[PDB]
Number of protein chains: 6
Amino acid sequence: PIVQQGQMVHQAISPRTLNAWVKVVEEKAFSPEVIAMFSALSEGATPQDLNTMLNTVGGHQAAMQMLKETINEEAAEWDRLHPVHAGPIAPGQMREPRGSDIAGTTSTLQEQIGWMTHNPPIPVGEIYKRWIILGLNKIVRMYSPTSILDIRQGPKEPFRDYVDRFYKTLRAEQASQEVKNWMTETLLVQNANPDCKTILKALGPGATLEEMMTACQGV
Amino acid sequence: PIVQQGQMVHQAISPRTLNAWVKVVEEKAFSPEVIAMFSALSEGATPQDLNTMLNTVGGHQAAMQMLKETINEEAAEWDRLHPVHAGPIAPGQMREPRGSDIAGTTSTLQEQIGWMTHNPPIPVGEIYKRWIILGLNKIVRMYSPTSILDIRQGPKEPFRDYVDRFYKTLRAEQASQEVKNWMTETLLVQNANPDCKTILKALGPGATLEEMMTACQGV
Amino acid sequence: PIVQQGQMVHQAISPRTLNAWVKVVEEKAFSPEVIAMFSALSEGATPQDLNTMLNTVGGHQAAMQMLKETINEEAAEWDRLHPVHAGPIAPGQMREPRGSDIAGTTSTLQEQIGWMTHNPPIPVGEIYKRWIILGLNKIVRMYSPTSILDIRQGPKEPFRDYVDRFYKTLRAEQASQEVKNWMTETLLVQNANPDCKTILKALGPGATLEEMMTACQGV
Amino acid sequence: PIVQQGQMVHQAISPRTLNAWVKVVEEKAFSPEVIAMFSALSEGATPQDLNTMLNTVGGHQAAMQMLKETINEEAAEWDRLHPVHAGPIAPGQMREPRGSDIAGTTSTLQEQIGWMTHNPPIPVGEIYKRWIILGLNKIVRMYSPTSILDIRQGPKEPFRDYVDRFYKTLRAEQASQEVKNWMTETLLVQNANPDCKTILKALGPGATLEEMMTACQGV
Amino acid sequence: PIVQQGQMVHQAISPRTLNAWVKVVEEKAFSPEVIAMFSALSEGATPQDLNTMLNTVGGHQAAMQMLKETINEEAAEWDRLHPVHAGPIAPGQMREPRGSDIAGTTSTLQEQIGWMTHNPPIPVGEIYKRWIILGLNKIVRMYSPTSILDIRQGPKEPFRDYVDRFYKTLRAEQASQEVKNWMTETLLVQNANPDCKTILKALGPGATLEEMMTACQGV
Amino acid sequence: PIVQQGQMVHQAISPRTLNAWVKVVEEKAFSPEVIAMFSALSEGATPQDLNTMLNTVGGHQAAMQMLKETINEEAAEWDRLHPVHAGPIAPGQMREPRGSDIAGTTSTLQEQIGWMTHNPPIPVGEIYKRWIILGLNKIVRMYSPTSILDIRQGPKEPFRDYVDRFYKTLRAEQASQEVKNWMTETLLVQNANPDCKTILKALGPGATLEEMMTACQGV
Ligand SMILES: [Cl-]
Ligand SMILES: [Cl-]
Ligand SMILES: [Cl-]
Ligand SMILES: [Cl-]
Ligand SMILES: [Cl-]
Ligand SMILES: [Cl-]
Ligand SMILES: [Cl-]
Ligand SMILES: [Cl-]
Ligand SMILES: [Cl-]
Ligand SMILES: [Cl-]
Ligand SMILES: [Cl-]
Ligand SMILES: [Cl-]
Ligand SMILES: [Cl-]
Ligand SMILES: [Cl-]
Ligand SMILES: [Cl-]
Ligand SMILES: [Cl-]
Ligand SMILES: [Cl-]
Ligand SMILES: [Cl-]
Ligand SMILES: [Cl-]
Ligand SMILES: [Cl-]
Ligand SMILES: [Cl-]
Ligand SMILES: [Cl-]
Ligand SMILES: [Cl-]
Ligand SMILES: [Cl-]
Ligand SMILES: [Cl-]
Ligand SMILES: [Cl-]
Ligand SMILES: [Cl-]
Ligand SMILES: [Cl-]
Ligand SMILES: [Cl-]
Ligand SMILES: [Cl-]
């Protein structure tokens, strides 16, 4: 990665960042917390470090291939919006990057460092990072076993655990924040068990989750 | 985070800070020492690092949603007290942050760094940190199984263990320091077993905890 | 903490310092080596880092409350000896700290850093550290099960192990160095088994521990 | 390695980089993720650090000898393309390296540092690294047990696992990207079980892997 | 410790240095490799760091008391050879240290840093370190179970293991290098079993250990 | 060690370098990868750090004594080739080192640092390192159980494992690169089982190890 005297300086990815990432993928497979951990360990990372984290993943090669295809689609879109102009790169200048240069496959470390440290800066690491997080979101969608519509509270299930399951499944859903707001406003109270459902409906439509959980504590 | 030649310099969150936090949440669930550990690992942290620590938490998504709602309430309060003024940001200036900018959802890393390193400084990391600790206190309240009124000394229980339980439950209570002072002055001596209660009452109302524990040592 | 180009620079407490301290308290409970480890891990620490180490302790809340009361007594004594003078803090100056400012409860990180880096320096971290070590000494006193007067050598016990026990119990005793010198000069030879006691008395009152241990080696 | 004030500074290889590499070779034997981990841990490395990583490998000495022979072939090719010219090295100059100087066997650390920090730079570490990755690719080829032509989907095998196996075996194949593209376009759909094969053929030749996996989800 | 821009800068003792030392004392008790590890972890250490390493030792308080007495004897000797002169410390000067100042009991961290960074330097850390290593040598002497005169080769014992035992016991012996040279020249060949003894005596008095071990390989 | 602003700066040996070395010697005893690990962990090391690594080795004191004798022989040879000249060391100069000064037994840390940072540099650390690696090579020779002449392929042994054994034993042999080349050209094909031997002889005398291993894959 690169960390900011004032100037931004280059640095190699640490061995325990790599070991942490590999352990995370080995243990947790693909889940939202794996994506959060990815963005955590890849702060200020170059495309070389991102490809470094991706290529060290053993197994799960179906998901890795899906991620490759997503990255290729985003790169082709970048090439459509940003057409490269033929010509000689002038002294004191750097070429404009392609989608493959952002993915680190056709660019050198010096070129990525120059794009990132330039003023104005071309943040290739955060763009490639954006594409990677997109594909990872697709993977987490495909590998989620349950749908949010099937999360129902058991007859003897404490409301707390039911909320744990509900928002666990909701975090993996692929829907805009408005759709998830609707799911919270409708499905959470709708799919509770009758004993808790009646009380929550007695609370009102504008209650917080704290009030809903403290209401069905005894039930 | 950011650490202070004299100037404050930016730095990425370390992998063992993240691993420490994730291990803490996995092992201890939600307790006061988890909050102390959070403030410990988040010294000088930016909102990006705070969201980094929060999003890497697997499970406990009910508590995470409650924390989201609390953060949204504090952000709306900030927006009420601090209304943004429409206009063009002048050269050599930075915009005043919203509640969502403090929460790191609508602000960039450069903007947070600029707000924190400015003179006068706008400490967005400590404000967002304050909100997070508030919501975490609410969670620790809701998830505490026992009330302080139910902590009673067993007939054969050593006074030391009874004090351990009493202040363990007291640390999770949500009450001002004056209320907790009253609880110490009344409930601790009131709820001891008769053999120790009579001796402590023979000591007097102004004895320290050291004197109370060394008094009921033999009992 | 703060580490000394020549200038003293601030730094956040490391995650493995915290993990080391928490592991120490979890494993060893309260013993002299725990205090030595505390002073070890808290070299150059600010009151914020000291409160950081104290608040991360799970359990043992009776001892933590005793430590709080001791810190409050030392703070009240500081307030008695150092009365604050009402007035406006002049430009280029910093206010004189209270006992609560030394304990880090009513002071900011910038104020502690300014007090510590000033010339003349107000070492709030070493003062608060002194109070903490005092209270910890009180706790170690209260939680010591055995008295030094009860450490007696068994009939078949090697003298070496008896000395191990004797100085183990002596390290936890609360007595000035002169009293401990008297205990070494009297109780050690007095409480040995007769076979070793007679030989040690044949050595003389001015023998070293090396000579005493090498004398009763065969016995 | 060497990390970039602006100047490139030398640094010794860290003990946990070495321990990470040795653990990787001990656990995973020879696989593509081992190569990715090698390039990960050897960012900015000198030939001395590369030989350091190679020589610390216990066992697998057949593969290490094959790697030695490959490195010798690449070095002889470098000597053929770059003939050394006899003469005295002028003041303010450095000799042009041989293949053995790139492999670090006949060059000193100061000479490698000088070649890498020079302008124009002679990147001996990335050249030797290239040769090493070449030989490692040969080894991974030889030690792959299965061919891509034999990866067939079981009758009750979920399509996801079959894709995992297919691209796992494909990653170890030695073929240009065009040949692997043909393998993806032909063998993947050809070697699926009939129930999934018919559906995938109903999709069309231009479907993505995401669509192919979400199509045969229920089958 | 203190590490050398050119100037010597102060630094706090690392948590894994402490953990390493504590683990070493817990596992290996008192042996020569423990002393080597002490000098290893205490490179450039101040008396505060040395007392830090010593006080964190749990148990073995007999040996710790012996070490205290040895340190006190060396300190009294220093006070005899270096008498302090009464007077006022002049501006731009520092007082000459006592034996207790070298032991870190009556001196501050600033005074130790000033003594060590001065020109001419007063190396209090290496002097106190010398005393500590002396006392540790006394302890290792007292706690050695076997004498070098009792190390004899078994009838079926390989010569290699017998040499391992011989020099293991010899490393713990308290004798000058000349005495140990005599022990090597006499006892090693004298105490071997007859089958190996006759061959070694056939070699001659001037053979190396390599020749002696390769001679009795088959026996 | 010492790491290169441009100037070479001194640094203490890290605790995990020491722990890594001690673990390596404890686990692997004496093998070539132990020597590679030694040179790995001792990059830029001073004689004090080399003696630090050597003295922390518990057990194996026969090998350590052999290493001492080898170091003494190399030191005596250095004294023969480099005779010290009697006289006063001039201001702005440093004395020429003896063999014992290179071994770190009769020289201080400041003298080693001065010898290494001087221009022209006297690399005492790499010289002492050379001697240590020499003695370690002698030890690895003596402790190798098998000779290269006895490595023969089993009747049902895969050729790959036989090559593993062959080059494992060859790496521990003490022979010049030409002798080892002859061993590769003769013994490897000579000592294979008849089924593989005939095929390898059908290949020809100029085949690579890759071709030899891929030829006897099916056998
Ligand atoms: Cl690291
Ligand atoms: Cl790869
Ligand atoms: Cl998967
Ligand atoms: Cl852009
Ligand atoms: Cl579920
Ligand atoms: Cl780290
Ligand atoms: Cl998230
Ligand atoms: Cl929870
Ligand atoms: Cl503000
Ligand atoms: Cl309880
Ligand atoms: Cl750390
Ligand atoms: Cl707290
Ligand atoms: Cl306790
Ligand atoms: Cl003061
Ligand atoms: Cl006891
Ligand atoms: Cl390291
Ligand atoms: Cl090697
Ligand atoms: Cl292998
Ligand atoms: Cl080139
Ligand atoms: Cl397979
Ligand atoms: Cl550390
Ligand atoms: Cl102590
Ligand atoms: Cl002991
Ligand atoms: Cl001196
Ligand atoms: Cl023995
Ligand atoms: Cl370290
Ligand atoms: Cl030693
Ligand atoms: Cl051995
Ligand atoms: Cl030289
Ligand atoms: Cl073998």
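Numbers restart at 1 for each chain; the letters A, B, ... are given by sequence-line order, proteins then strands.
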Ignoring hydrogens and angles, tell me if any N or O in the side chain of D:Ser144 forms a donor-acceptor pair with the backbone of D:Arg141 under 3.5 Å.
-> no
Donor-acceptor contact below 3.5 Å, side chain A:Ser107 vs main chain A:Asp101 | yes
Give the intermediate values and the outcome of side chain to side chain contact (heavy atoms under 4.5 Å, CB included) for residues A:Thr146 and A:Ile151.
-> CA-CA 8 Å; A:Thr146 60; A:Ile151 302 302; 4.3 Å; yes
Residues D:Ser31 and D:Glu33: side-chain donor-acceptor under 3.5 angstrom = yes
Side chain proximity check, D:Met183 to D:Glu173, heavy atoms < 4.5 angstrom | yes
Drop me the distance from D:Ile148's CD1 to D:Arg171's CZ, to the nearest 0.5 angstrom.
-> 13.5 Å
State whether the side chain of A:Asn137 and the backbone N or O of A:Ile133 hold a donor-acceptor pair below 3.5 Å, judged by distance alone.
-> yes
Counting N and O atoms only, with roles assigned by atom type, does the side chain of A:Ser147 sit under 3.5 Å from a partner on the main chain of A:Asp150, one being a donor and the other an acceptor?
-> no
Any donor-acceptor pair under 3.5 Å from B:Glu69 side chain to A:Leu209 backbone | yes
Answer yes or no: is there a side-chain heavy-atom contact under 4.5 Å between D:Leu54 and D:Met64?
-> yes
What heavy-atom pair brings A:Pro47 and A:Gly125 nearest, and what distance separates the two atoms?
-> CD-CA, 4.1 Å
Please step through side chain to side chain contact (heavy atoms under 4.5 Å, CB included) for the pair B:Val57 and B:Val22, ending with a clear verdict.
-> CA-CA 6 Å; B:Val57 172; B:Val22 175; over 6 Å; no
Any side-chain heavy atom of A:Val24 sitting closer than 4.5 Å to one from A:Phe38?
-> no
Answer yes or no: does atom NZ of D:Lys168 have more than 12 heavy-atom neighbours from other residues, nucleotides or ligands under 6.0 Å?
-> no
Answer yes if the side chains of D:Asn181 and D:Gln177 hold a donor-acceptor pair under 3.5 Å, and no otherwise.
-> yes
Any side-chain heavy atom of D:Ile139 within less than 4.5 Å of one from F:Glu210?
-> no
Flag the pair D:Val25 / D:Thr56 as yes when at least one side-chain heavy-atom distance between them is below 4.5 Å, and no otherwise.
-> no
No-hydrogen, no-angle side-chain donor-acceptor test under 3.5 Å, A:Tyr162 and A:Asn193 = no
Any side-chain heavy atom of A:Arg95 within less than 4.5 Å of one from A:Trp115?
-> yes
Please round to the nearest 0.5 Å and tell me the distance separating atom CE of D:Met66 and atom OH of D:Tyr143.
-> 6.5 Å
Is D:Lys138 reaching over with its side chain to a backbone N or O of D:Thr70, donor-acceptor style, under 3.5 angstrom?
-> no
Between atom OG of D:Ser42 and atom CE of D:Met53, what is the distance when rounded to the nearest 0.5 Å?
-> 5.0 Å
Considering only heavy atoms from C-beta outward, does the side chain of D:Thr184 approach that of D:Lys180 to under 4.5 Å?
-> no
Relative to each other, are the rings of B:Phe30 and B:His60 parallel, tilted or perpendicular (30° and 60° limits)?
-> perpendicular
Once you round to the nearest 0.5 Å, how far does CG of D:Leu41 lie from OG1 of A:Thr52?
-> 9.5 Å
Can you tell me if A:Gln61 uses its side chain to pair, donor with acceptor, with the backbone of D:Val163 under 3.5 Å?
-> no
Using atom types as modelled and distance alone, determine if a side-chain donor or acceptor of A:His82 lies under 3.5 Å from a backbone N or O of A:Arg80.
-> no
Can we say F:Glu157 and F:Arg165 salt-bridge, meaning some charged N sits less than 4.0 Å from an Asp/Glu carboxylate O?
-> yes
A:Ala62 backbone acceptor or donor facing D:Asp164 side chain under 3.5 Å = yes
Can you find a pair of side-chain heavy atoms, one from A:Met116 and one from A:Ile122, that are under 4.5 Å apart?
-> no
Sequence neighbours excluded, the answer for salt bridge (charged side-chain N to carboxylate O under 4.0 Å, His left out) partners of A:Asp49 is none
Short side-chain to backbone donor-acceptor contact, D:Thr208 and D:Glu211, under 3.5 Å = yes
